[PDB]
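Chains D and D' are the protein sequences, given in the same order. A prime marks a further copy of an entry chain.
So the number in the authors' numbering is just where the residue sits in the first sequence, counting from 1, plus 23.
So the number in the authors' numbering is just where the residue sits in the second sequence, counting from 1, plus 119.
Notes follow once the structure below has been shown.
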Amino acid sequence: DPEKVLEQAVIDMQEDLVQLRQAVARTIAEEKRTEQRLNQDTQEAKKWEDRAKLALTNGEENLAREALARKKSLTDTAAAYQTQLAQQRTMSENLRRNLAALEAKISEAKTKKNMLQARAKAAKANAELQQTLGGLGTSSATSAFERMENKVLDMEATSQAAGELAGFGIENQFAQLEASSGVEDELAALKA
Amino acid sequence: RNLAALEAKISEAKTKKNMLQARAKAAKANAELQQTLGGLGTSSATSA
């Protein structure tokens, strides 16, 4: 589901920056190591030259030229690794900007993601409320009210239906009552 | 405003509902009494 995928992408970015941080460690490891190499190399060059310089005056001259050839060969190795160092340096700062660029991407993606979810979730909640408030076209609570109101109207009808019979015998009987009723009215005329 | 509108709907629905039930229940009770009083057409106590 998109909710799950979306936060998963956030989680992925957290792994990514961690991977890039060690990758930084790997490149920097070679900067350190290649400093170490040049530092050694420059010593080695001097050292055997020093042996050779005494060897000029002392015993075998010829042997000193061998030591110098070894020295010089190694000097070439150092210069070759100086070439490699240049590649390291340039690549390193390229990687530094690439991390910063990714960090910007992540930062924006995360903030956008958060407000995207929030404003969407808020909107749907509002819509659910307006629907349930409104009942546009039809609203079931009124239909339930109506059902029991139909029963009221039925009972109302039925109640006056008992009245509909209740009247129609009585007129015979009532006439006898009214004769008696007139008598007490005649007693009032007597008292007057 | 939508809450206030609903609150009005609820308030009226409830008061209407209450008096609807009461007046209906009162009416049926009256009708039951008038029937049992009257025996219009026939009345079993007179038959006994």
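All C-beta atoms, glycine included, are put in the ideal place defined by N, C-alpha and C.
Backbone secondary structure at residue i - three-state DSSP
| i | result |
| --- | --- |
| D'/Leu159 | coil |
| D/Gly82 | coil |
| D'/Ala167 | coil |
| residue 219 of chain D | Residue numbering for chain D in the displayed model covers 24 to 215; residue 219 of chain D lies beyond these limits and cannot be assessed. |
| D/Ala143 | helix |
| D/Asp99 | helix |
| D/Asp35 | helix |
| D/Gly186 | helix |
| D/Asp177 | helix |
| D/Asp208 | helix |
| D/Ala92 | helix |
| D/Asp24 | coil |
| D'/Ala148 | helix |
| D/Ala215 | coil |
Close-in-space but distant-in-sequence residues of the same chain around residue i (CB under 8 Å, 5 per side omitted)
| i | result |
| --- | --- |
| D/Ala167 | none |
| D/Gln105 | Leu61 |
| D/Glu126 | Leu40 |
Nearest candidate by alpha-carbon position, reference residue i, set the options
| i | options | result |
| --- | --- | --- |
| D/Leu29 | D/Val41, D/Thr134, D/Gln107 and D/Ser204 | D/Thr134 |
| D/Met114 | D/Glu169, D/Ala46 and D/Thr155 | D/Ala46 |
| D/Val175 | D'/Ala132, D'/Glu131, D'/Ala141 and D'/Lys128 | D'/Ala141 |
| D/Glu179 | D'/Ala146, D'/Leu139, D'/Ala132 and D'/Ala164 | D'/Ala146 |
| D/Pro25 | D/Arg112, D/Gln63 and D/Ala143 | D/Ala143 |
| D/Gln42 | D/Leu200, D/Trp71 and D/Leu118 | D/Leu118 |
| D/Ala32 | D/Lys95, D/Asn137 and D/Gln110 | D/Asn137 |
| D/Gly192 | D'/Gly158, D'/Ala127, D'/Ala132 and D'/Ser130 | D'/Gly158 |
| D/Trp71 | D/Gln59, D/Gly82 and D/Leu97 | D/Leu97 |
Spatial neighbours of residue i in its chain, beta-carbon cut-off 6 Å, leaving aside the 5 residues before and after
| i | result |
| --- | --- |
| D/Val206 | none |
Residue i Cβ short of 7 Å to the ligand NAP heavy atom set
| i | result |
| --- | --- |
| D/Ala109 | Absence of the ligand NAP from the depicted structure is noted, as is the absence of any ligand whatsoever, leaving it without description. |
Practice prompt. State whether the region 38 to 54 of chain D contacts the region 121 to 129 of chain D, with contact taken as three or more CB pairs (one from each stretch) at a distance under 8 Å.
Written response: yes
Item to complete: Examine the Cβ distances between the region 153 to 162 of chain D' and the region 170 to 189 of chain D and report whether three or more of them are shorter than 8 Å.
Response: yes
Practice prompt. Could you say if the region 84 to 96 of chain D and the region 30 to 37 of chain D meet the contact criterion of at least three C-beta pairs nearer than 8 Å?
Written response: Touching, no.
Worksheet item: At a Cβ cut of 9 Å, what residues of the region 126 to 139 of chain D' count as close to chain D, listed as they run along the chain?
Response: The region 126 to 139 of chain D' vs chain D, Cβ under 9 Å: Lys128, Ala132, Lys135, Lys136 and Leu139.
Fill in: Contact between the region 68 to 76 of chain D and the region 51 to 58 of chain D (3+ Cβ pairs under 8 Å)
no
Practice prompt. Check each residue of the region 136 to 163 of chain D': if its Cβ is closer than 8 Å to any Cβ of chain D, include it; give the result in chain order.
Written response: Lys136, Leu139, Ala143, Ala146, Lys147, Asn149, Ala150, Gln153, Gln154, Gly157, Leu159 and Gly160
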